[PDB]
């Protein structure tokens, strides 16, 4: 299921992921959407890996993460969340598509993707 990525993203402050635990979480940063716009991805995993790689290459974004977390994002790994936002062994930050694929939701549509904590993700799926 390949395809290209599209989207405008939103502007973000000094606490990007700060609300990744409420509602639909945090959005794709504008600067990041540009680096990835019109690009081409194999699978969604391919996207996730690149997204986090791009995050670690953005000076103002990488400044909000712990040294180890930055080392993680540099090789496609997702940053770890605060203790209170994990869910058992699920402790990384996850990407979520607002509208599923079954509802014609764009899989590589950055405006349809946001960053949420595992804890929140489980609620979002339960309906809360």
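Residue numbers count along the first chain shown, from 1.
Of the other structures of this protein that model both sides of residue 104, a third or more give it no coordinates.
When 19-27 is weighed against 100-108, 100-108 comes out higher, by mean CA B-factor as recorded in the entry. Set 61-69 against 29-37 and average the Cα temperature factors; 29-37 ends up higher. The PDB entry assigns the greatest CA B-factor among 43, 87, 92, 56 to 43.
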